[PDB]
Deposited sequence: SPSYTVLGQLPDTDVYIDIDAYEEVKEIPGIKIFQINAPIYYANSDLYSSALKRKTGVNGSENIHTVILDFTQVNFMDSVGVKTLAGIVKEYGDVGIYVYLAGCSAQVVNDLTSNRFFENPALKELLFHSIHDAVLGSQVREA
């Protein structure tokens, strides 16, 4: 309820609830979570062989400071073990919220942003280790 695990409909760029349809399957090496509630709520649910985590922000209309700080902590800690956290589907407003709360203090984190889930998946395919 605070997040949904997504998988891919085989041979497409369609990503949906892993539980919504039988043939939808996760992608090896990649976790895709759709954020359904403010991310600090979904974070406490997580605290309870992957190269990339994709957070789908399509349902997020805005972020607050605590959320951004939470997100930044998520990106950093995964990053510290070589795992990239990508943000897919952030609206303009969400990007403003991230920016105003100094999430891109390091302009390199701009490279974690992708328009769609599929874009983020393709971005993990080859990258500096």
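Positions of the deposited sequence absent from the coordinates, in order: 1, 50-62.
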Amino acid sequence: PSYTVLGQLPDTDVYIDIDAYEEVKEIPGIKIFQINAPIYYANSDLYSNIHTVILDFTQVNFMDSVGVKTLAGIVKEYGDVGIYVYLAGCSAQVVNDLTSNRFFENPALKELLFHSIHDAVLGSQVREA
From here on, numbers count along this sequence of modelled residues.
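In this entry, the higher average B-factor at the C-alpha atoms falls on 19-27, of the pair 19-27 and 112-120. Of the two segments, 66-74 and 38-46, the one listed with the higher mean B-factor is 38-46 (C-alpha atoms only). Of the candidates 88, 81, 32, 85, the one whose C-alpha carries the top B factor in the deposited record is 81.
In this PDB entry, residue 100 carries a Cα temperature factor that places it within the highest third of its chain's modelled residues.
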